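A structural walkthrough
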Amino acid sequence: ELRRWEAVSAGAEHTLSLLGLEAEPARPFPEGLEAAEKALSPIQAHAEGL
Amino acid sequence: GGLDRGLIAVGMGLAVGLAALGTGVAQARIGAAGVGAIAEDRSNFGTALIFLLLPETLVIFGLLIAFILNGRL
Amino acid sequence: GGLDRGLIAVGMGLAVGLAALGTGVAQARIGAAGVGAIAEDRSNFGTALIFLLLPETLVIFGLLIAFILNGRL
Amino acid sequence: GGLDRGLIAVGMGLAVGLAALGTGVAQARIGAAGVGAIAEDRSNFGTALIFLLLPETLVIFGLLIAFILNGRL
Amino acid sequence: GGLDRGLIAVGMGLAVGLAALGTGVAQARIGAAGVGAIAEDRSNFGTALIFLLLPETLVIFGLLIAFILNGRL
Amino acid sequence: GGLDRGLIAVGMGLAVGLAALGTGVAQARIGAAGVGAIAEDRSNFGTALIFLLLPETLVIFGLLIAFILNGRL
Amino acid sequence: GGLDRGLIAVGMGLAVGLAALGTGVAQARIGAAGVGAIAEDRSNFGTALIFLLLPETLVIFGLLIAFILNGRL
Amino acid sequence: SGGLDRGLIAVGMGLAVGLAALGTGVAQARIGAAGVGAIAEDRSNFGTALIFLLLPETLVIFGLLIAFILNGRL
Amino acid sequence: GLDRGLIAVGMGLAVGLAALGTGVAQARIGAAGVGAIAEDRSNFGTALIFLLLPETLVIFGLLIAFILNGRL
Amino acid sequence: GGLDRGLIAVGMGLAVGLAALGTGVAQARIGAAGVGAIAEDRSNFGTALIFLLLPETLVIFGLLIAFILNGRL
Amino acid sequence: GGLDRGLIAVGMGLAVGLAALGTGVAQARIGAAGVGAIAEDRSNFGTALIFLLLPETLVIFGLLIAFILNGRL
Amino acid sequence: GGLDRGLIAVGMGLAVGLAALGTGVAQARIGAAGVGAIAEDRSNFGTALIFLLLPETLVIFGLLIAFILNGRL
Amino acid sequence: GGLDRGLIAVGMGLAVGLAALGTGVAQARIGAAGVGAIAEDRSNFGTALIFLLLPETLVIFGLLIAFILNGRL
Amino acid sequence: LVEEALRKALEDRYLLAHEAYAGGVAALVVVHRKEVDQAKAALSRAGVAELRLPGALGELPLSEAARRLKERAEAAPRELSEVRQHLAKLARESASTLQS
Amino acid sequence: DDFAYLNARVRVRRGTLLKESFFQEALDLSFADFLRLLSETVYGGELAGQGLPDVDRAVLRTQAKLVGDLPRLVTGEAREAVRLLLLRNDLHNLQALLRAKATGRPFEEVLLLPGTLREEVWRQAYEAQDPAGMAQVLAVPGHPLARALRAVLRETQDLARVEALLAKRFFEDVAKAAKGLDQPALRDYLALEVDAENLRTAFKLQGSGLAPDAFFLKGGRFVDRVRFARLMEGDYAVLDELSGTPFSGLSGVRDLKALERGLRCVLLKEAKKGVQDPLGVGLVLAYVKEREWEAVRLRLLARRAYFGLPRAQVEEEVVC
Amino acid sequence: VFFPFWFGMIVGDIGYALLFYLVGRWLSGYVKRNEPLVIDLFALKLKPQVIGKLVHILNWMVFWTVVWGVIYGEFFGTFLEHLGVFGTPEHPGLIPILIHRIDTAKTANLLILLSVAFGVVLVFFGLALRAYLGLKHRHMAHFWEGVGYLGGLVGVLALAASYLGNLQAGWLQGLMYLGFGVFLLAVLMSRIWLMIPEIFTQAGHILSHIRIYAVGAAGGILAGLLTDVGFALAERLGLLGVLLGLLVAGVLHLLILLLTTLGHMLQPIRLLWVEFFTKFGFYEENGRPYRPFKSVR
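How each quantity is defined
Residues numbered from 1 in each chain as written, not as in the entry; some residues may be left out. Chains lettered and ligands numbered in written order. Part of a larger assembly, values for the part shown. Heavy atoms only, no water. Residues with missing side-chain atoms left out of burial classes, pairs and counts. Helix = DSSP H or I, 4+ residues; strand = E, 2+ residues; numbered from the N terminus. Rg over C-alpha atoms; globule rule 2.2 N^0.38 Å. Contact = heavy atoms within 4.5 Å. Least-squares fit on C-alpha atoms. Nonpolar A, V, L, I, M, F, W, Y, C, P; charged D, E, K, R; others polar. UniProt positions renumbered as here; feature names shortened; annotations may be inferred. Axes fitted to C-alpha atoms, helices over the stretch in contact; angles between N-to-C directions. Parallel < 35°, antiparallel > 145°, perpendicular 65-115°, else oblique. Left-handed = near helix turned anticlockwise from the far one by under 90°. Expected span 1.5 Å × (residues − 1). Bend = angle between axes of the 7 residues up to and from the residue.

Method of determination for the deposited model, per the PDB record: cryo-EM, at 3.6 Å resolution.

Here it is, written out as structure tokens:
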């Protein structure tokens with residue numbers, strides 16, 4: 001689960017990098033790990049394809 | 001009077017010439033490294049020019065000393 | 001009738017010139033290493049500029065001795 | 001007047017000569033790195049020329065001080 | 001005083017200028033090595049500054065002799 | 001003339017000599033880099049000559065100062 | 001009749017200046033090797049400081065000759 | 001017919017000629033060093049090397065002209 | 001009263017140039033000694049003697065200056 | 001000639017000494033590169049001798065200046 | 001009148017000082033090579049010490065010249 | 001004579017001293033390359049001794065000028 | 001001795017000091033290469049010693065000229 | 001300089017001229033298949049290079065490659081603008097969620 | 001800094017070298033005679049036991065003892081110069097590290113030969129998320145590889161084309177630093193090595209049909225890019241075009257074995273010119289290359305004695 | 001406590017002080033904009049907390065800076081040439097100068113004495129901190145060493161002001177003897193062979209404080225020279241190019257400020273880090289900082 005969350009954070013970092021945005025800290029999103037992965041995967045897929 | 005004013009310009013010259021000598025002495029390796037940095041990339045020219053222009057403060061102070069000498073004579 | 005003012009001015013000029021020469025002699029290698037470090041990264045440019053400006057106290061003391069000579073004049 | 005104008009000319013010539021000495025001292029390493037970069041690439045000729053012409057401010061200041069001494073002469 | 005005053009002033013100026021020259025000459029390679037050690041790591045900046053400030057005692061003794069000359073002046 | 005002519009010629013000689021010293025000091029590293037580039041390729045003789053003749057302006061300014069001294073002479 | 005206290009002061013100033021010049025000339029390579037050793041190993045900082053301070057005996061002899069000249073003054 | 005300016009003019013002309021030869025040799029040191037290195041590299045570009053070696057003599061020519069001007073103004 | 005100060009000036013020039021030469025030797029001497037110390041602590045006295053060898057110039061300059069001050 | 005002759009001889013001596021200084025300064029690197037080429041091949045011994053003899057024209061010019069001074073002596 | 005003893009002492013001091021300067025100039029590289037060699041092995045210490053101490057002959061000749069000046073003083 | 005003799009001796013001494021300075025300046029790199037070639041091979045010792053002995057012509061010319069000055073003495 | 005013998009001894013000491021300076025300048029690189037050869041092998045000691053002792057004729061001729069001045073004194 | 005190799009080729013033949021597009025003289029030569037391969041080797045020995053584009057333009061017929069290159073040149077600008085627009089829209093739509 | 005105090009120990013180590021008769025007599029041994037002669041040798045001071053792997057490990061330890069110290073004991077411009085002498089093992093260690101990070105084997109997989117920096121840095125670089133972070137963890141000030149990998153790192157995360165372009169930029173920045181030094185011969189030796197590596201890439205890629213300009217590098221003086229394309233094509237005349245340069249005997253050869261053998265011969269002959277410079281740094285480079293030729297000769301004689309090679313089987317290995 | 005005081009003693013241009021106040025107003029508007037300061041070619045990215053700390057430090061510097069500039073009596077340099085706000089006996093226009101500082105015939109020894117007194121006080125405070133810390137850690141080596149260095153410095157200052165200073169060395173001969181005895185006694189009780197090299201290095205660190213007065217006098221003389229040249233070339237040379245001459249002089253003054261004031265401010269903190277830390281050590285093992293659980297938020 002820690003490797004999954006770490007890969008999720010790495011994917012969010014690469015998604016912000018390909019988006020060009022920078023990691024600004026803010027109030028977090030309390031969500032499930034697979035649920036946050038599902039929220040990440042579609043935007044990351046659209047961004048990677050674009 | 002005809003010797004007091006004469007040595008003053010000699011001292012002003014000994015100031016200004018050695019001041020520019022030290023200015024170029026500082027400028028040599030600094031500009032060499034800056035040219036190497038600009039040859040590395042066309043992105044580090046600004047800090048190179050800053051460090052190059054940084055040495056001229058002593059030359060400006062020596063020029064002020066020469067102006068003080070010309071005010072003295 | 002006296003050229004001691006000219007002699008004092010000549011000594012002050014030689015003083016300021018040798019002080020600027022020594023300041024430039026320090027600043028050459030200082031700025032060389034600093035421009036190399038700036039070429040490495042933009043990380044320690046502040047400490048590099050601090051060490052670069054650190055050599056100015058010699059020229060400052062030389063200007064102080066020159067001003068003391070001028071006040072003696 | 002006695003040995004006043006000759007001493008003034010001696011000081012002005014000393015200023016100009018050591019100023020050109022410092023300018024050439026900077027321009028040695030400057031043109032060395034610039035010619036190395038020019039042999040590396042002809043596209044960097046402009047920044048090399050700007051860095052080479054950067055040492056001439058000391059020569060301009062020395063020529064101005066020499067003209068000031070000539071007006072005093 | 002007469003012509004001896006400007007001569008003593010010229011000797012004090014020669015002392016101060018050559019002292020600053022020696023100070024910068026010591027400072028050059030020392031600050032270059034310190035800049036290299038700073039570029040290695042940010043930890044050893046204290047010993048680098050200690051070695052940097054260790055050479056100023058020559059300038060201190062030169063300014064001391066300069067104050068001794070000015071008191072003699 | 002008296003002594004002003006001889007001291008004027010002395011200052012002109014010191015100016016010309018120090019200016020030639022600085023110009024040759026520039027031309028040393030200039031011609032070293034130029035001969036290295038010539039050993040690299042024969043396709044740089046049109047820029048090596050320009051880089052070599054860039055230091056001649058110091059000798060030109062010193063000769064102009066000496067000519068102004070001779071005209072004052 | 002004067003012109004002897006000033007001559008002794010000029011000699012003492014030249015002595016102190018060239019002595020500090022030699023002190024800085026030693027201290028440059030001394031502090032360079034010491035900073036290299038300190039960046040290599042923080043264990044030998046005291047021996048490095050000893051080798052650095054070992055060159056101060058020339059400054060000691062120069063200040064002794066300066067005090068001897070001031071006592072002659 | 002100056003009693004002291006005549007020796008002073010010779011002193012200045014001699015200082016000019018000597019320091020001009022000093023600067024010319026300072027240039028010619030690195031010039032001939034790189035030229036002999038390229039000559040040992042190849043005996044083909046010796047002409048450009050000799051041209052670069054002769055290029056430093058203009059300062060010596062200017063110093064000789066200044067010395068001739070000082071000798072004419074004796 | 002003319003030659004009283006020129007002798008002191010010459011003795012000062014002697015002492016200053018002697019210290020200049022002594023420091024010029026001591027630069028390379030202490031540089032090699034600090035390099036040997038950085039290699040190991042096992043070359044302390046030998047590098048110490050190698051550093052101490054240059055001070056005879058300062059000794060001779062101090063002797064000439066003491067002779068000049070005895071003339072003074 | 002009891003005063004101008006000594007100054008003319010001093011100037012001729014300064015000319016000859018600094019000319020030999022520059023000649024040896026050129027001949028150092030000249031003979032270094034030439035002995036390196038001679039160790040590379042005996043086939044370029046003549047080119048080495050030509051580059052070695054290339055420095056002597058400055059000494060010839062200084063000797064001619066000294067001969068003109070002796071004619072003015 | 002009494003302008004012989006001070007000039008003789010000044011020339012003797014210049015002789016001894018420049019002789020010690022040249023002796024240190026030789027002894028720098030001499031002791032450098034000897035120390036780097038003794039750092040390799042403790043097997044050629046005396047031959048290195050002989051090669052280092054061989055440079056004291058110019059110091060001996062200058063001391064003889066200074067003693068000759070003192071006997072002339 | 002009088003002031004002529006001492007000044008002529010000073011000029012001859014300056015010629016001889018700076019001539020030996022330039023001769024040793026050439027001889028340093030000359031003997032360095034020669035001992036390097038000797039360490040390479042003992043079969044080039046004749047060319048090495050020739051390249052060593054080549055520098056003494058400036059010393060011969062300075063000795064000639066000194067003998068001419070002593071003839072003027 | 002007045003101004004004659006004092007300036008004569010001054011120029012003699014100047015020749016002696018600068019001759020020892022040039023001799024040490026040669027002997028620095030000479031003995032450096034010889035010590036490197038001795039560290040390479042304890043077999044070429046004689047030829048290296050001959051090359052080292054070869055740069056002594058400058059000091060020999062300077063001492064001869066100084067003795068010639070002393071005979072003139 | 002290449003016409004020397006063309007004289008080494010089919011002599012009253014090897015139709016070879018360079019028409020236009022003055023940034024580079026498009027020297028077109030045509031003789032045969034195999035003798036033209038030998039002549040292309042000789043001209044590359046004299047110094048020559050074939051117009052070898054990547055993808056399909058240096059891999060399809062020249063008329064078809066020109067049509068595809070013109071189509072891509074006419075289409076790429078609106079596609080790049082729409083790509084930047086949708087990328088910025090996705091960034092402005094999802095950056096807060098990605099940050100949280 | 002002092003190019004002479006190190007040169008004294010360089011001359012001392014140059015006194016510690018084996019003659020050509022030490023290998024000529026080693027043409028006939030049985031690995032016990034070779035073990036006894038190596039026991040007489042200083043490189044056998046780390047001689048652990050018997051066997052070829054013990055012999056090679058002792059040779060590596062002797063190379064670390066006699067050659068590894070040259071990277072130490074120096075500081076300054078001389079350090080920046082002498083760092084770019086034993087650089088092939090460091091670039092090889094970095095290439096194996098990049099290959100292991102992209103592959104997925106253990107961090108103790110490659111054996112990680114001795115180079116210039118600390119091996120603990122190489123162990124710490126096994127765990128790094130960013131490639132630029134791994135470069136910063138591997139960043140020394142005067143390491144040319146640190147500046148090369150960071151500049152080449154602005155392409156992707158971790159690619160093999162990134163590794164090959166990093167090697168190209170590594171050779172390029174090595175040439176840039178070699179031009180950026182006050183050394184009359186080190187620039188020439190580095191440029192000779194660069195042109196030889198260009199010829200080596202050409203011979204290794206001859207017949208591959210790939211883009212030569214993407215394969216050709218910049219920094220040489222002995223060849224041309226048109227000559228590079230002619231070497232890329234099947235034309236040995238370009239190898240015959242090397243006349244007057246150090247590539248003299250490299251002519252009439254098409255087989256890469258003897259080609260790179262003669263290339264190494266020309267490189268070692270150019271390295272033999274380093275004895276002319278007793279004051280700079282190239283004498284130490286000559287000593288390092290001499291120890292390298294001794295190391296190739298040592299592992300060659302070791303393979304010859306362990307496998308019983310014919311004297312004709314290695315006769316083309318000691319001709320120069 | 002001291003860096004702003006020495007900084008205000010360094011720069012005494014009230015016009016440059018108001019320029020710093022306007023620059024702090026611009027930085028404060030950037031802080032109120034609540035945007036992180038992003039400088040591209042300077043690579044300076046700053047959160048608002050550090051910028052606000054810098055602005056508060058700048059205001060605290062500018063207060064004592066304007067105080068000492070009123071003490072020096074210089075508004076944008078020597079405005080007393082044009083509008084005689086400073087008062088001298090040579091040409092009294094308005095309120096007198098506490099430190100005239102254009103003349104060194106009456107002020108230089110006082111300025112040098114002030115710098116020397118501040119430096120010796122800081123040196124005494126640092127050696128006292130060293131000895132008190134050696135007492136607090138109960139390691140008598142460092143405390144006895146600080147005591148011996150302090151006694152040697154006191155005896156050195158006493159012998160200097162006696163022999164090289166004025167006459168009447170009776171009140172301080174026993175003082176110099178007591179300082180030498182304290183140094184020798186702590187050398188016996190310490191046996192570290194921390195020789196007269198260490199004492200002379202501490203002495204040079206003490207005597208280096210006059211660089212403050214030096215740089216202040218240097219910047220003041222430069223500003224006065226530029227201001228006098230500008231006022232002369234404007235008013236006395238025509239009184240018509242006052243706009244052009246005043247603008248050129250102000251531009252050259254801005255260039256000199258941009259070339260000098262950074263290092264001028266730097267020399268105080270350099271002296272502070274080189275003296276107050278170094279006499280008290282501050283180079284021992286660097287500590288381990290509070291790394292709590294992040295919760296980056």
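What follows continues from the structure just given.
A look at the overall build of chain H
Along chain H, the regular secondary structure elements total three helices and zero strands. What you see in chain H, going N to C, is helices and strands ordered as α-α-α. Its C-alpha atoms give chain H a radius of gyration of 17 Å, clearly above 11 Å, the size a compact globule of 74 residues would have. When its C-alpha atoms are laid out on the principal axes, chain H stretches across 55 × 15 × 10 Å.

Structural notes on the overall build of chain P
Counting its secondary structure elements, chain P contains nine helices and two strands. Listed by position from the N terminus, the elements making up chain P come as α-α-β-β-α-α-α-α-α-α-α. Considering only residue pairs separated by 6 or more positions, chain P has 57% of its internal contacts joining residues 24 or more positions apart.

So, the relation of the copies chain B and chain D
The two copies are related by a screw motion: chain B maps onto chain D through a turn of 30 degrees and a shift of 0.1 Å along the axis, at an RMSD of 0.5 Å. Interface overlap between copies: only 12% of the residues of chain B at the interface are likewise at the interface in chain D, consistent with a contact formed by different surfaces.

Some points on the interface of chain B and chain D
Counting residues at the interface gives 16 residues for chain B, matched by 17 residues for chain D. Looking at side-chain class alone, the side of chain B that touches chain D contains 10 nonpolar, six polar and no charged residues.

Notes on the UniProt feature "transmembrane region" (unreviewed entry) in chain P
Residues and elements named next belong to chain P. The positions that UniProt labels "transmembrane region" (unreviewed entry) are, in the present scheme, residues 1-23, 54-73, 110-135, 147-165, 171-189, 210-233 and 239-262. Between the first and last C-alpha atoms of residues 147-165 the distance is 25 Å; the span itself is 100% helix and 0% strand. The span residues 210-233 shows a helical share of 100% and a strand share of 0%, and its end C-alpha atoms are spaced 34 Å apart.

A word on unusual backbone geometry
Its identity as a non-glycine residue notwithstanding, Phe31(O) has a phi of 70 degrees, on the positive side. In this fold, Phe31(O) is placed in the loop between helix 2 (20-24) and helix 3 (33-40). Unusually for a residue other than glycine, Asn286(P) sits at a positive phi of about 70 degrees. Mapped onto the elements, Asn286(P) comes out in the segment after helix 9 (242-279).

Comments concerning the packing of helix 1 (residues 3-10) of chain P against helix 3 (residues 48-72) of chain P
Residue and element names in this part refer to chain P. Helix 3 packs onto helix 1 with a crossing angle of 45 degrees between their chain directions and a minimal axis gap of 8 Å. Viewed along their axes, helix 1 and helix 3 adopt a mutual orientation that is oblique. In terms of crossing hand, the pair formed by helix 1 and helix 3 is right-handed. In this structure, helix 1 contributes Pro4, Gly8 and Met9 to the contact, and helix 3 contributes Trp60, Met61, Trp64, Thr65 and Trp68. Here the residues of the contact of helix 1 with helix 3 are counted per class, giving six nonpolar, two polar and no charged.

Observations regarding helix 9 of chain P
All names here are of chain P. Along its 38 residues, helix 9 runs 52 Å from first to last C-alpha, staying within 8% of the 56 Å computed at 1.5 Å per residue. At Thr260, helix 9 is deflected by roughly 35 degrees, the largest bend along its length. Following helix 9 by one or two positions, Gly281 has its phi on the positive side, about 90 degrees.

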